[PDB]
Amino acid sequence: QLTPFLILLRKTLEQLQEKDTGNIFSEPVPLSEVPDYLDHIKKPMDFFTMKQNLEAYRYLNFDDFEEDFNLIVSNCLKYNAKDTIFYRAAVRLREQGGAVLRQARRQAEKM
Amino acid sequence: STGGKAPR
């Protein structure tokens with residue numbers, strides 16, 4: 001059932017965004033500040049874009065939702081040098097997001 | 001490997 005699944009994904013997305021304590025992943029990487037970003041990153045992702053995708057019915061199973069969270073992280077590791085707060089924040093986001101995604105998947109796989 | 005972002 002689409003409606004309760006979307007409610008679950010909204011809740012899960014809020015839980016993931018609460019882990020972004022640096023407010024680093026909440027909106028697209030701004031090309032005005034990072035002009036070469038697209039030379040390197042084929043599919044940019046961020047929590048605002050995930051919210052738009054959610055309401056546009058782009059996530060119809062948990063896997064596709066989790067895939068895009070994982071892209072937030074992997075894009076950041078790929079673009080930024082290891083010594084940067086951006087890279088380190090992405091490592092932390094992955095670590096903190098794990099439990100959120102694990103629990104939410106079980107709730108989805110009860111439906 | 002990239003331009004980088006400005007230090008936060």
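Note: ideal-geometry Cβ built from the backbone for every residue, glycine included; neighbour counts use all protein chains shown. A short reminder: the numbers here are calculations on the coordinates, not readings from a lab.
Computed FRET efficiency, Cβ-Cβ of residue A:64 and residue A:32, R0 22 Å: what is it to the nearest 0.05? With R0 = 22 Å, the Cβ-Cβ based efficiency is 0.15.
In this simple spin-label model, placing a label point 7 Å from the Cα along the Cα-to-Cβ direction at both residue A:21 and residue A:109 gives a separation of 2.9 nm. For chain A, the share of alpha carbon pairs falling in successive 5 Å distance bins from zero is 2, 11, 24, 24, 18, 11, 6, 3, 1 percent. Computing FRET efficiency as 1/(1 + (r/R0)^6) for residue A:91 and residue A:55, where r is the C-beta to C-beta distance and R0 is 30 Å, gives about 0.55. About the centre of its Cα atoms, the protein assembly as shown shows a dipole size close to 340 debye [charges on the beta carbon of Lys, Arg (+1) and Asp, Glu (-1) only; nearest 20 debye].
With an 8 Å cut-off on Cα pairs and a minimum separation of 6 or more residues, tell me the relative contact order of chain A in percent.
33 percent
For the pair residue B:8 and residue A:74, a Förster radius of 22 Å applied to the C-beta separation gives a FRET efficiency near 0.65, rounded to the nearest 0.05.
Its residue count N sets the reference 2.2 N^0.38 Å, and the alpha-carbon radius of gyration of segment A:54-107 equals 1.27 times that reference.
Between A:36, A:46, A:20, the GNM of chain A built on Cα springs shorter than 10 angstrom shows A:36 fluctuating the most.
Each of A:75, A:47, A:4 was scored by the projection of its Cα onto the charge dipole of chain A, and the greatest displacement toward the positive side belongs to A:4; charges sit on the C-beta of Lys, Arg, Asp and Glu.
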